[PDB]
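What follows is a pair of forms of the same protein chain, given separately as C-alpha coordinates and numbered structure 1 and structure 2.
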Structure 1
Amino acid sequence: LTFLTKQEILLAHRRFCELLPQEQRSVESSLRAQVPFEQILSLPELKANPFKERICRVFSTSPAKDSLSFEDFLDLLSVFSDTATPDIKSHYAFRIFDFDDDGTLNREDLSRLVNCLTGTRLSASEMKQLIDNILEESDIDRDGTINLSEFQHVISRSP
(Lines of atoms letter the chains of each structure in order from A and count residues from 1; the text may use other names and numbers.)
(Lines give C-alpha, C1' and ligand atoms only; values in the text may rest on other atoms or scores of the structure.)
Protein backbone atom coordinates (compact mmCIF):
# COMPACT_ATOMS: atom_id res chain seq x y z
CA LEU A 1 0.00 0.00 0.00
CA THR A 2 2.94 2.38 0.33
CA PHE A 3 5.44 3.52 -2.32
CA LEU A 4 9.03 4.85 -2.44
CA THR A 5 11.12 6.06 -5.39
CA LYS A 6 14.78 4.95 -5.67
CA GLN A 7 15.87 8.61 -5.29
CA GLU A 8 13.89 8.99 -2.02
CA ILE A 9 15.49 5.80 -0.52
CA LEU A 10 19.05 6.79 -1.51
CA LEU A 11 18.70 10.39 -0.29
CA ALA A 12 16.97 9.20 2.94
CA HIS A 13 19.91 6.87 3.77
CA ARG A 14 22.40 9.76 3.47
CA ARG A 15 20.22 11.97 5.83
CA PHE A 16 19.71 9.10 8.36
CA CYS A 17 23.47 8.19 8.45
CA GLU A 18 24.35 11.83 9.37
CA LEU A 19 22.45 11.24 12.69
CA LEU A 20 24.58 8.19 13.57
CA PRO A 21 27.92 7.95 15.44
CA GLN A 22 30.74 7.63 12.83
CA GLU A 23 31.34 3.90 13.66
CA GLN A 24 27.71 2.94 12.73
CA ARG A 25 27.62 4.64 9.29
CA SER A 26 28.41 1.56 7.08
CA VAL A 27 25.40 0.08 5.17
CA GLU A 28 25.33 -3.06 7.35
CA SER A 29 25.60 -1.11 10.69
CA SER A 30 23.19 1.72 9.71
CA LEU A 31 20.37 -0.77 8.98
CA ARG A 32 20.62 -2.21 12.57
CA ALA A 33 20.93 1.23 14.24
CA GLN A 34 18.23 3.03 16.32
CA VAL A 35 18.27 6.85 16.35
CA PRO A 36 16.73 8.48 19.50
CA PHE A 37 13.82 10.92 18.95
CA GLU A 38 16.05 13.86 20.13
CA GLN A 39 18.20 13.41 16.95
CA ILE A 40 15.16 12.76 14.65
CA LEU A 41 13.34 15.91 15.94
CA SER A 42 16.43 17.98 14.94
CA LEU A 43 15.98 17.07 11.19
CA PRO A 44 15.21 20.22 9.09
CA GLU A 45 12.34 18.35 7.31
CA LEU A 46 10.64 17.68 10.71
CA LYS A 47 11.82 20.43 13.16
CA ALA A 48 9.09 22.94 12.05
CA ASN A 49 6.22 20.37 12.13
CA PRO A 50 3.76 21.11 15.04
CA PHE A 51 3.08 17.33 15.31
CA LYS A 52 6.76 16.15 15.29
CA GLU A 53 6.52 14.49 18.76
CA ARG A 54 3.43 12.47 17.67
CA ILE A 55 4.93 11.63 14.22
CA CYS A 56 7.98 10.00 15.91
CA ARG A 57 5.80 7.88 18.24
CA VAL A 58 3.40 6.70 15.50
CA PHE A 59 6.28 5.51 13.23
CA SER A 60 8.59 4.00 15.91
CA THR A 61 8.76 0.16 15.95
CA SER A 62 11.62 0.19 18.51
CA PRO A 63 11.48 -1.97 21.76
CA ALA A 64 10.73 1.03 24.06
CA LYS A 65 9.16 3.08 21.17
CA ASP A 66 11.71 5.92 21.82
CA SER A 67 13.79 5.71 18.61
CA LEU A 68 13.58 5.21 14.82
CA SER A 69 15.41 2.64 12.71
CA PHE A 70 16.06 3.31 9.01
CA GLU A 71 13.03 1.07 8.20
CA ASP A 72 10.79 3.33 10.42
CA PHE A 73 12.31 6.42 8.79
CA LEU A 74 11.36 5.10 5.30
CA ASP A 75 7.82 4.20 6.53
CA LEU A 76 7.52 7.85 7.65
CA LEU A 77 8.80 9.18 4.31
CA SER A 78 6.43 6.96 2.25
CA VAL A 79 3.41 8.52 4.06
CA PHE A 80 4.68 12.14 3.87
CA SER A 81 5.69 11.88 0.16
CA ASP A 82 3.73 13.31 -2.83
CA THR A 83 3.12 9.69 -4.05
CA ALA A 84 1.01 8.73 -0.94
CA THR A 85 -2.70 8.15 -1.67
CA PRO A 86 -5.27 10.45 0.11
CA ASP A 87 -6.52 7.30 1.99
CA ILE A 88 -2.97 6.58 3.36
CA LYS A 89 -2.50 10.25 4.34
CA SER A 90 -5.86 10.44 6.20
CA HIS A 91 -5.30 7.01 7.86
CA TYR A 92 -1.99 8.17 9.39
CA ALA A 93 -3.30 11.71 10.21
CA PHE A 94 -5.98 9.92 12.32
CA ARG A 95 -3.25 7.89 14.16
CA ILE A 96 -1.15 11.08 14.75
CA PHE A 97 -4.21 13.03 16.06
CA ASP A 98 -5.29 10.12 18.36
CA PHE A 99 -3.15 11.39 21.32
CA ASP A 100 -4.23 8.53 23.67
CA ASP A 101 -4.06 5.78 20.91
CA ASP A 102 -7.54 4.30 21.59
CA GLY A 103 -9.07 4.42 18.05
CA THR A 104 -11.35 7.52 18.33
CA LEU A 105 -10.82 11.31 18.40
CA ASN A 106 -12.52 12.68 21.52
CA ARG A 107 -12.82 16.27 22.90
CA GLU A 108 -9.41 16.06 24.70
CA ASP A 109 -7.73 14.84 21.49
CA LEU A 110 -9.26 17.82 19.60
CA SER A 111 -8.16 20.29 22.32
CA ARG A 112 -4.58 18.85 22.17
CA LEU A 113 -4.74 19.13 18.36
CA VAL A 114 -5.78 22.86 18.56
CA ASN A 115 -3.02 23.59 21.14
CA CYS A 116 -0.38 21.97 18.77
CA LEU A 117 -1.62 24.26 15.95
CA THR A 118 -1.79 27.56 17.89
CA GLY A 119 1.27 26.78 20.06
CA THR A 120 -1.78 32.67 20.29
CA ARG A 121 -3.60 30.17 22.60
CA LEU A 122 -7.43 30.08 22.42
CA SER A 123 -9.56 31.11 25.44
CA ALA A 124 -11.62 28.31 27.15
CA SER A 125 -14.78 29.71 25.43
CA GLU A 126 -13.12 29.88 21.91
CA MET A 127 -11.78 26.29 22.30
CA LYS A 128 -15.27 25.04 23.35
CA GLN A 129 -16.98 26.65 20.26
CA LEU A 130 -14.27 25.38 17.86
CA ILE A 131 -14.49 21.76 19.23
CA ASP A 132 -18.35 22.01 18.95
CA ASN A 133 -18.00 23.11 15.23
CA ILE A 134 -15.50 20.28 14.45
CA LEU A 135 -17.80 17.70 16.08
CA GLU A 136 -20.94 19.04 14.36
CA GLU A 137 -19.37 18.52 10.90
CA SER A 138 -17.40 15.28 11.71
CA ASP A 139 -19.40 13.19 14.30
CA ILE A 140 -22.28 11.80 12.11
CA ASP A 141 -23.46 9.14 14.68
CA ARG A 142 -23.51 11.89 17.38
CA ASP A 143 -21.66 9.63 19.92
CA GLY A 144 -19.28 12.50 20.86
CA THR A 145 -16.23 10.91 19.19
CA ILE A 146 -14.75 10.76 15.67
CA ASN A 147 -14.00 7.24 14.46
CA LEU A 148 -11.74 6.43 11.41
CA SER A 149 -14.53 6.25 8.77
CA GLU A 150 -16.10 9.58 10.01
CA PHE A 151 -12.60 11.17 9.83
CA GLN A 152 -11.75 9.83 6.34
CA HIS A 153 -15.15 11.08 5.11
CA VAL A 154 -14.81 14.66 6.50
CA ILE A 155 -11.18 14.85 5.10
CA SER A 156 -12.40 13.74 1.64
CA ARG A 157 -14.74 16.83 1.70
CA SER A 158 -11.73 19.32 2.17
CA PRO A 159 -12.33 22.81 0.69
Structure 2
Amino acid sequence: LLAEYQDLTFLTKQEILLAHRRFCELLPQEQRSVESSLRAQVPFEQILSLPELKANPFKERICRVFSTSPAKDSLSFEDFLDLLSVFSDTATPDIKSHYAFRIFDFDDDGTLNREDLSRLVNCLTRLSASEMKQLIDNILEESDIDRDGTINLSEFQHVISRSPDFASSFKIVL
Protein backbone atom coordinates (compact mmCIF):
# COMPACT_ATOMS: atom_id res chain seq x y z
CA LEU A 1 0.00 0.00 0.00
CA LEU A 2 2.90 2.30 0.88
CA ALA A 3 0.79 5.35 1.78
CA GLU A 4 3.79 7.72 2.09
CA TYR A 5 4.68 7.27 -1.59
CA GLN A 6 1.13 7.90 -2.83
CA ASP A 7 0.14 11.18 -4.41
CA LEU A 8 -2.83 12.14 -2.23
CA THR A 9 -5.65 13.94 -4.04
CA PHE A 10 -7.73 14.96 -1.01
CA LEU A 11 -7.15 18.72 -1.12
CA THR A 12 -8.84 20.97 -3.65
CA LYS A 13 -6.80 23.30 -5.84
CA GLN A 14 -7.89 26.28 -3.73
CA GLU A 15 -6.79 24.49 -0.55
CA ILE A 16 -3.39 23.81 -2.13
CA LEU A 17 -2.96 27.47 -3.07
CA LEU A 18 -4.22 28.77 0.30
CA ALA A 19 -1.86 26.38 2.12
CA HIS A 20 1.00 27.77 0.05
CA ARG A 21 0.12 31.31 1.08
CA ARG A 22 0.10 30.30 4.79
CA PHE A 23 3.36 28.36 4.45
CA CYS A 24 4.97 31.42 2.84
CA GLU A 25 4.05 33.54 5.89
CA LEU A 26 6.45 31.32 7.91
CA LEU A 27 9.38 32.13 5.56
CA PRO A 28 11.54 35.23 5.31
CA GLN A 29 10.14 37.63 2.71
CA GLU A 30 12.99 36.80 0.33
CA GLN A 31 12.15 33.06 0.24
CA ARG A 32 8.48 33.52 -0.73
CA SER A 33 8.82 33.05 -4.50
CA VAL A 34 7.33 29.78 -5.72
CA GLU A 35 10.72 28.24 -6.48
CA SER A 36 12.48 29.46 -3.28
CA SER A 37 9.53 28.47 -1.06
CA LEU A 38 9.48 24.90 -2.41
CA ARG A 39 13.19 24.47 -1.48
CA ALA A 40 12.57 25.88 2.05
CA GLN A 41 12.69 23.81 5.25
CA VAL A 42 10.60 25.24 8.07
CA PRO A 43 11.67 24.31 11.61
CA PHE A 44 9.02 22.69 13.82
CA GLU A 45 8.73 25.67 16.23
CA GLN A 46 6.94 27.66 13.48
CA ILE A 47 4.78 24.71 12.44
CA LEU A 48 3.87 23.94 16.07
CA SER A 49 2.30 27.42 16.42
CA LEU A 50 -0.22 26.78 13.60
CA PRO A 51 -3.88 26.34 14.59
CA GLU A 52 -3.92 22.75 13.28
CA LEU A 53 -1.14 21.86 15.74
CA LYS A 54 -1.05 24.42 18.58
CA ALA A 55 -3.59 22.53 20.74
CA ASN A 56 -3.01 19.06 19.25
CA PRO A 57 -2.02 16.54 21.97
CA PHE A 58 0.37 14.82 19.53
CA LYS A 59 1.74 17.94 17.79
CA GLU A 60 5.49 17.16 18.29
CA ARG A 61 4.88 13.64 17.07
CA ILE A 62 2.84 14.75 14.00
CA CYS A 63 5.73 17.01 12.88
CA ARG A 64 8.08 14.03 13.00
CA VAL A 65 5.73 11.70 11.08
CA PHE A 66 5.20 14.09 8.13
CA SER A 67 8.80 15.41 7.86
CA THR A 68 10.65 14.00 4.84
CA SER A 69 13.90 15.55 6.12
CA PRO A 70 16.39 12.82 7.09
CA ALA A 71 17.01 14.74 10.38
CA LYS A 72 13.20 14.86 10.94
CA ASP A 73 13.56 18.46 12.17
CA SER A 74 11.56 20.48 9.61
CA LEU A 75 8.75 20.42 7.05
CA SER A 76 8.95 21.39 3.42
CA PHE A 77 5.89 22.79 1.72
CA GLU A 78 5.20 19.31 0.32
CA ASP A 79 5.36 17.79 3.85
CA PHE A 80 2.92 20.46 5.02
CA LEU A 81 0.51 19.58 2.14
CA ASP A 82 0.82 15.88 3.03
CA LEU A 83 -0.10 16.89 6.57
CA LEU A 84 -3.10 18.96 5.49
CA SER A 85 -4.24 16.19 3.11
CA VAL A 86 -4.36 13.58 5.91
CA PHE A 87 -6.03 16.11 8.24
CA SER A 88 -8.77 16.86 5.70
CA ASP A 89 -12.33 15.65 6.17
CA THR A 90 -12.03 14.10 2.69
CA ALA A 91 -9.13 11.81 3.73
CA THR A 92 -10.23 8.16 3.78
CA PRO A 93 -10.53 6.17 7.03
CA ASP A 94 -7.72 3.85 5.85
CA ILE A 95 -5.31 6.77 5.34
CA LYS A 96 -6.26 8.32 8.70
CA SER A 97 -5.88 5.01 10.60
CA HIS A 98 -2.44 4.47 9.00
CA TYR A 99 -1.13 7.85 10.09
CA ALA A 100 -2.91 7.84 13.48
CA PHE A 101 -1.14 4.55 14.20
CA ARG A 102 2.27 5.99 13.26
CA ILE A 103 1.61 9.01 15.44
CA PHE A 104 0.65 6.84 18.41
CA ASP A 105 3.72 4.58 17.95
CA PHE A 106 6.20 6.80 19.80
CA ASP A 107 9.26 4.55 19.40
CA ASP A 108 8.39 3.77 15.74
CA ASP A 109 8.78 0.06 16.49
CA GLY A 110 5.56 -0.86 14.63
CA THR A 111 3.33 -1.61 17.65
CA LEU A 112 1.32 0.22 20.32
CA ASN A 113 2.54 -0.86 23.80
CA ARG A 114 1.00 0.03 27.20
CA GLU A 115 2.71 3.44 27.14
CA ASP A 116 1.52 4.16 23.58
CA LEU A 117 -2.07 3.33 24.50
CA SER A 118 -1.86 5.38 27.74
CA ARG A 119 -1.12 8.62 25.85
CA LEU A 120 -4.00 7.88 23.49
CA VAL A 121 -6.40 7.44 26.42
CA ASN A 122 -5.10 10.61 28.14
CA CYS A 123 -5.75 12.49 24.91
CA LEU A 124 -9.45 11.50 25.15
CA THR A 125 -9.69 12.36 28.86
CA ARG A 126 -9.42 14.68 35.11
CA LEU A 127 -7.20 11.79 33.97
CA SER A 128 -7.33 8.12 35.01
CA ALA A 129 -5.22 6.79 37.92
CA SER A 130 -4.01 3.14 38.08
CA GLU A 131 -7.43 2.29 36.65
CA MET A 132 -5.54 3.02 33.41
CA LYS A 133 -4.15 -0.52 33.86
CA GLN A 134 -7.67 -2.00 34.15
CA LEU A 135 -8.62 -0.29 30.91
CA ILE A 136 -5.52 -1.30 28.96
CA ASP A 137 -5.80 -4.93 30.14
CA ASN A 138 -9.32 -5.09 28.66
CA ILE A 139 -8.24 -3.62 25.28
CA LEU A 140 -5.47 -6.23 24.97
CA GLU A 141 -7.85 -8.96 26.16
CA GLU A 142 -10.16 -8.08 23.27
CA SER A 143 -7.74 -7.15 20.54
CA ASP A 144 -4.29 -8.63 21.22
CA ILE A 145 -4.80 -11.65 18.97
CA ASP A 146 -1.14 -12.79 18.79
CA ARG A 147 -0.94 -12.16 22.57
CA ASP A 148 2.41 -10.33 22.37
CA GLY A 149 1.30 -7.61 24.83
CA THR A 150 1.08 -4.91 22.15
CA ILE A 151 -1.34 -3.69 19.51
CA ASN A 152 -0.25 -3.81 15.87
CA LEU A 153 -2.00 -2.03 12.96
CA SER A 154 -4.55 -4.77 12.13
CA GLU A 155 -5.42 -5.10 15.83
CA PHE A 156 -5.61 -1.29 15.97
CA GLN A 157 -8.32 -1.32 13.30
CA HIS A 158 -10.19 -3.83 15.45
CA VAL A 159 -9.99 -1.48 18.45
CA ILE A 160 -11.23 1.42 16.32
CA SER A 161 -14.19 -0.70 15.13
CA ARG A 162 -14.96 -1.52 18.78
CA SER A 163 -14.72 1.92 20.35
CA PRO A 164 -16.54 5.09 19.33
CA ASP A 165 -14.25 6.92 21.76
CA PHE A 166 -10.96 5.73 20.19
CA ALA A 167 -12.44 6.34 16.71
CA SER A 168 -13.13 9.95 17.79
CA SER A 169 -9.35 10.40 18.23
CA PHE A 170 -9.06 10.67 14.42
CA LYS A 171 -11.01 13.94 14.55
CA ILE A 172 -8.97 15.13 17.54
CA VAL A 173 -5.56 14.23 16.15
CA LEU A 174 -6.02 14.44 12.34
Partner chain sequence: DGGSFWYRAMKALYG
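Here, a residue number simply tells you its place in the sequence of structure 1, counted from 1. Rigid core: the largest C-alpha set superposing within 1.5 Å between the two forms.
Remark: the form deposited with its partner chain bound is the source of structure 1; structure 2 originates elsewhere. Core-superposed comparison between structure 1 and structure 2: among 34, 90, 111, 60, the single residue whose C-alpha moves by 2 Å or more is 111.
Superposition on the rigid core between structure 1 and structure 2 places the CA atom of residue 136 2 Å or more away from its counterpart. Its Cα shifted by 0.3 Å between structure 1 and structure 2, residue 70 is reported here after superposition on the rigid core. Core-based superposition between structure 1 and structure 2 puts the Cα shift at residue 127 at 2.7 Å. Core-based alignment between structure 1 and structure 2 gives a C-alpha movement of 1.0 Å at residue 48.
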